[PDB]
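Colleague: Before I ask anything, here is the structure I am working with.
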Amino acid sequence: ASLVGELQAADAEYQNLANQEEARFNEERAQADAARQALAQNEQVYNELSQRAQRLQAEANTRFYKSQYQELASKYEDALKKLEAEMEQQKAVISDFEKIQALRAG
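The sequence shown begins at 5 in the entry's author numbering and counts up one residue at a time.
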C-alpha cells in the first residue's frame, strides 16, 4: 500500500530511458553522417586508383618493365578490392541508419 512511490520510480526511469534512447539515436546518426563523408572520399580515390590500375595493366605488355608493371597493377588490384570492401561497410552504416530512422517513424 505505497503505490505513490512505485509511480515516481517509473517516471524517473521513463525520463532517463527517453534521454538514453534519444542520445543513442543521435550517436548512430553522427556515425552515419561521418560514413557519408568518408564514403565520398573513397568514392573519388577509388576512381583514380581504378583508373591508374587499368592504365598500368594496359601499357604493361609493351613496357620495357612489363613484369614490374604487371606486379604493381596487381598490387593496386588488391588494394582496390580492400577499399571496395570498406566502401561496402560504409554504405551499410548509412543505409542501416536510414532504415532505422525511417521505420522509427513511418
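Note that the Cβ used here is the ideal one computed from N, Cα and C, for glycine as well.
#1: Quick test of your reading: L43 and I98, contact by CB under 8 Å. State the CB separation rounded to the nearest angstrom.
#2: If you draw a straight line from the C-alpha of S71 to the C-alpha of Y80, how long is it?
#3: Taking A64 as the reference, give the member of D100, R56, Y73 and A39 with the closest Cα.
#4: Taking a contact to mean a Cβ-Cβ separation below 9 Å, would you say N46 touches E10 in this structure?
#5: Return the residue from the list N30, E52, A16 and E25 that minimises the CA-CA distance to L87.
#6: State the DSSP-derived secondary structure class of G110, mapped to helix, strand or coil.
#7: Between the alpha carbons of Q12 and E26, how many angstroms are there, rounded?
#8: What does the alpha-carbon distance come out to for the pair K95 and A62?
#9: Ordered along the chain, which non-local residues of its own chain (more than five positions away) have a Cβ less than 8 Å from that of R108?
#10: Would you identify the three-state DSSP class for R67, choosing helix, strand or coil?
Modeller: Well, looking at it:
#1: 7 Å
#2: 14 Å
#3: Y73
#4: no
#5: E52
#6: coil
#7: 21 Å
#8: 31 Å
#9: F29
#10: coil
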